[PDB]
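# Commentary on secondary and tertiary structure
Single-letter residue listing:
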Amino acid sequence: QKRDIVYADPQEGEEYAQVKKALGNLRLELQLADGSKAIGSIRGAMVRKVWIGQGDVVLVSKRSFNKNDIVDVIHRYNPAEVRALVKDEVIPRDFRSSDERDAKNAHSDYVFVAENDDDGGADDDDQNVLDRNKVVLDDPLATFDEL
Amino acid sequence: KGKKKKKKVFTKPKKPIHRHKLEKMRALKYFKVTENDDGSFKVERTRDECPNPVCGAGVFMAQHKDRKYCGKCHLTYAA
Amino acid sequence: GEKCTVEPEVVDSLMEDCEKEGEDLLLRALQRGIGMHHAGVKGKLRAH
Amino acid sequence: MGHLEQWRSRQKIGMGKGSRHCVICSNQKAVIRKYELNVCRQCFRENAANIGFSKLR
Amino acid sequence: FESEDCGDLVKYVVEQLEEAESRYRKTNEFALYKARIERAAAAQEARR
Amino acid sequence: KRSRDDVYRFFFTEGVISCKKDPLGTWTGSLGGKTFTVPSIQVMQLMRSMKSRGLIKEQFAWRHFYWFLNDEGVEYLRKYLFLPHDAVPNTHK
Amino acid sequence: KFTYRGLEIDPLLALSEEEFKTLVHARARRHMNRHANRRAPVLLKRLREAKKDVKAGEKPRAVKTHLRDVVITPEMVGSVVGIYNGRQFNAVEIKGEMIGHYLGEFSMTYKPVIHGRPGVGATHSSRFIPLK
RNA sequence: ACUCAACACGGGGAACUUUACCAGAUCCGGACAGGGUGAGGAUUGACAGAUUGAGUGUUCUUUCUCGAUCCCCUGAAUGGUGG
RNA sequence: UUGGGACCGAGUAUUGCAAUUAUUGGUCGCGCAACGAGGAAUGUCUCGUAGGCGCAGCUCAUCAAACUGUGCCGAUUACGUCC
C-alpha cells in the first residue's frame, strides 16, 4: 500500500512522545521527550479503529491558537518502527525526563540493538553467470571416492 | 500459470533479415547479340536450359565455380 | 533518503498523474527520487 | 522444403491424445470421446443434446 | 542542454539501477528476505 | 498464392463459400464441380481482407465458417473480373 | 582392457552390421531394425570428421548434439560427445564399456536432491518451527 | 481445491503431442493502405560450402528461380490455459 | 516353512516416428526384505443386503491397484430410542 512511517515536522506542532498510563474518558497521560509532564487526548478517527497502549510511542500535535491547553494523539508508530527511529539518531529511549530528571529513574537499561538481522548466512551474490555453449564436465559421485 | 515480463540475455550479433539480392536487366545478361552479318541478327545464350518437363519451357540453369544448378527443380549437374 | 516531510498519499496521487501523462518514463525516473525537467516535459507534471 | 517442412509436423502424423479437437468447439482437453464415436463433453453434454439423448434413469 | 542529452543521461541511470536490482535477484539475502515477510504474513492470517 | 482467381470464380454463380477452420489444407467447397483444390489458410486470408472492406458477411458456427457475400461484394467482383451481370440470384431461380 | 562379450576392440570394429546387431542386447537390435533410412544423419559425420583429423596423444575436438535416442556402436568409441540435459552440453568421452547403451544415460537431467530442513506444514502438530 | 460441501477430485492412468513451467531457435496467423518502391522493381523459394542442436537457405557467400496483394513506416487490428 | 513377496541382476519379444529415468508382456536367480491379527481413535451399512469373487465398458500406439456397469457365491444382529 503506502508508507508505515512518517517523520515529525517541528513546525506546525508535532513532536514525538510516549504514553505513561491511561485514564478514562478517552484521555491519557503523556510525557515529553525533552519537556515536562503533559496530558494528551485522541482524535475521533482512532476512537476504536486504533488502540494506543501504554508505553507506545506516538506523534502529538499542538494547538495553534493557544499553547499549554492540551495536546492530542494524531498518529501511532508501530513497534517495528520504534526500534528503528530510536536507533538512527533521533529520539531518546529514556524520553528526557522519565518521570522526572532529578531522580534519574530506571537506570541502564543497557542498549539492546536489533543487531539480529543477519545470521551469518546471506553472503555472496557476486558469483557466477551462465556458461552456455560450452561442453563442461559435471558427473556426480564426487567426493564418494578418496581412495 | 502466473506470468512475468522480461526477455533479454541478448548482446550478441543478432541475425540480419534475408533481403533480395538484385540483378539488373537479367534478360540482356543472358541473351547475347552480335555484329550484324547478312542483315540477320544472331542470338546466342550464355545460359542453357535444364531438360526436365517443369523446366521445358524457357527456364534456364545457373553457373557457379564448382557446380551448375537449376533453381527451378533444385538440381545439380556437377562441374 | 530517510528524511522526508511529505506524507505518502501526496506522493502516490502525483505518481498516479504520471502514469496517464507518460512520455519519457518520467513515471519510473520520478519513482527513483530521480527527476527530470525541461521544455519537453508538460507544464503540469514538471511543476509536480 | 526448409523451414516449412520443419513446421507443423509430428501431428499431421496424428498420434497420442494430440490432434483430437472436438467438433462442437475445437477444445482438445477433457476428452473428445471414443464411445460410439460421438463428440460432446468439451462443449459439455449438459449444455447440448439434440442427438436424441435424455436422462430417464 | 537540450534535447537528446538529458534523456540519454536519465535513461542510462534508470538502466544501471534496474541492472543492480536484477543482480540482487541472484537472491541469497533477498531470498531470506522474502522467506521472512511471508512467514509473518501467514502467522498473522492464521491468528486472525 | 494465385489460386485467387479460381476462388473468385467459385464465388460467382453461388454467392456462398464455406470452409473448415483448420491449419491443414482442404478444398473449400468439398466439391466445386470444377474440381479446384486450395489450402485452408490461403482461403481464410482472402475472405478476411475483403470482410474488412465490407464486401463479405461472415458467419461462424462450431468449427466452421459460412461465407455470404453482399450486394457490395458483387460490385467489387464484376470490376475485378471485368464482366457485367444480370445478378447472382436471378440466374439461380 | 575391456571385454564386451569377450571381444577386445579390433574384433568389434571388424563386424559388419549384421554380425553386430546379432551380438548386442534386445533393445539395440529392435532399434536398428525399426529405424533404417539414416536417423543419425549428422551425428555419425561430425564425429568421424574430428576423429580422423587428430594427431593423437589427445582426444578429438568435442561435438555437441541435443539427441540422445541414438545407440553407441564401436565406430564412435574414442570420441567426445555433448549431450544436452536442457540447459548444458555435458562432457562424456566414449569408453569400450559404453557399447550397448544410449547417450542419454550418461547425462544427468536433474540435481540429485540433498534437502535442507523441513519447514512448517511438515509435522502435523504445530510449533511454528523457528527459523527454517 | 483445504471441516462436513479439498486430498484415485479438475473423466488429471501425461514418454512426443497434450502443457500451462525451464533453457534455445523459428514463423506472421499485423486485417485494413492514407505515407515510400519504373521495363530491373518493392518480392518468393533454394543446391553447394559455412554458421548451427539441426544434409534446419534461419543467416551469410554464390547464382539461379518467382504472384507484384507478398515489401518498407506510423496508426489500428488480432491472438492468448495472461490478471 | 513349500506362508508372503518388496527389492535386485541377466536374456528375449511386441507397441511406437522416438521406450534411456528400466513401458508393456513372457522364464531363471535374488526371498535369510517386511509382516504372526494389530493402541488412542475412526468410516457406512437393515435383505439378494453386508462381505467374498470375477468379467466388460471407460481413457486408448502401448500401460488401471481408479471410475462406471453387469453377474456369481451369499450371512449375523436389530426392526428400537433419544442417552
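Residues numbered from 1 in each chain as written, not as in the entry; some residues may be left out. Chains lettered and ligands numbered in written order. Part of a larger assembly, values for the part shown. Heavy atoms only, no water.

If you check the header, you'll see the entry was determined by cryo-EM and the resolution is listed as 3.33 Å.

### Digging into the interface of chain A and chain C
Between chain A and chain C, the contact holds six residues from the first and eight residues from the second. Where chain A abuts chain C, roughly 730 Å² becomes buried across the two surfaces, and 54% of that area is made up of carbon and sulfur atoms. The largest share of the area that chain A buries against chain C comes from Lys2, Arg3 and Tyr7 of chain A, three residues that together contribute 73% of it. At the surface where chain A touches chain C, the tally comes to one salt bridge. A salt bridge links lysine 2 of chain A to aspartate 12 of chain C, with the nearest nitrogen and oxygen atoms 3.3 Å apart. Summed over the shared surface of chain A and chain C, the number is one residue pair in polar contact. Looking at the side of chain A that touches chain C residue by residue, the class counts come to two nonpolar, no polar and four charged. (Contact = heavy atoms within 4.5 Å. Buried area = accessible area lost by both parts, 1.4 Å probe. Salt bridge = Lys/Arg side-chain N within 4 Å of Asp/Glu carboxyl O. Polar contact = N/O pair within 3.5 Å; in protein donor to acceptor, adjacent residues only side chain to side chain. Nonpolar A, V, L, I, M, F, W, Y, C, P; charged D, E, K, R; others polar.)

### With respect to unusual backbone geometry
Of note, the amide linkage connecting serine 108 of chain A to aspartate 109 of chain A takes the cis form, showing an omega dihedral of 0°. By secondary structure assignment, the location of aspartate 109 of chain A is in the loop between α1 (79-88) and β6 (135-136). Here the amide bond leading from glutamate 2 of chain E into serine 3 of chain E is cis, since omega sits at 15°, within 30 degrees of zero. Structurally, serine 3 of chain E can be placed in the segment before α1 (4-23). Of note in the backbone geometry, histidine 74 of chain B takes a positive phi value of approximately 60° without being a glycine. Looking at where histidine 74 of chain B falls in the secondary structure, it is placed in the loop between β3 (67-70) and β4 (75-78). With a phi angle near 70°, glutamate 36 of chain D is a residue other than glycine that sits in the positive phi range. Judged by relative accessible area, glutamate 36 of chain D falls into the exposed class, the value being 58%. (Helix = DSSP H or I, 4+ residues; strand = E, 2+ residues; numbered from the N terminus. Buried < 20%, exposed > 50% of the residue type's maximum accessible area, 1.4 Å probe, protein only.)

### Notes on a negative patch on the surface
All names here are of chain A. The grouping of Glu115, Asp117, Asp118, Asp119, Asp123, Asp124 and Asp126 at the surface amounts to a negative patch. Tracing the chain through its elements places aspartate 123 in the loop between α1 and β6. Exposure remark for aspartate 123: the relative accessible area of 54% places this residue in the exposed category. (Patch = residues over 30% accessible without salt bridge, like charges linked within 9 Å, V, L, I, M, F, W, Y side chains within 5 Å. Areas by Shrake-Rupley, 256 points an atom, 1.4 Å probe, with all protein chains shown as cover. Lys, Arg positive; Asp, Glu negative; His and termini not counted. Charge placed at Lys NZ, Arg CZ, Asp CG, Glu CD.)

### Some thoughts on the packing of helix α1 (residues 4-11) of chain F against helix α3 (residues 71-80) of chain F
Residue and element names in this part refer to chain F. Packing of α1 against α3 leaves a shortest axis separation of 11 Å and a crossing angle of 130°. One element, α1, and the other, α3, form an angle in the oblique class. Judged by the twist between their axes, the crossing of α1 over α3 is left-handed. Note on element contacts: α3 touches α1 through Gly73, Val74, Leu77 and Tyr80, opposite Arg4, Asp5, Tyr8 and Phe11. (Axes fitted to C-alpha atoms, helices over the stretch in contact; angles between N-to-C directions. Parallel < 35°, antiparallel > 145°, perpendicular 65-115°, else oblique. Left-handed = near helix turned anticlockwise from the far one by under 90°.)

### Some thoughts on the sheet that holds strand β2 (residues 28-32) of chain A
Residue and element names in this part refer to chain A. Overall, antiparallel pairing links the five strands, which are arranged β3-β2-β1-β4-β5 in an open sheet. Only two strands of the sheet have a single neighbouring strand rather than two, namely β3 (37-40) and β5 (72-76). Across the sheet, the axes of successive neighbouring strands diverge by a mean angle of 50°, strand direction being ignored. Sheet topology note: the strand β1 (residues 16-22)/strand β4 (residues 57-61) ladder contains three bridges and is antiparallel. Bridging from a neighbouring strand, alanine 17 pairs with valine 58 of β4. (Pairing = 2+ DSSP bridges.)

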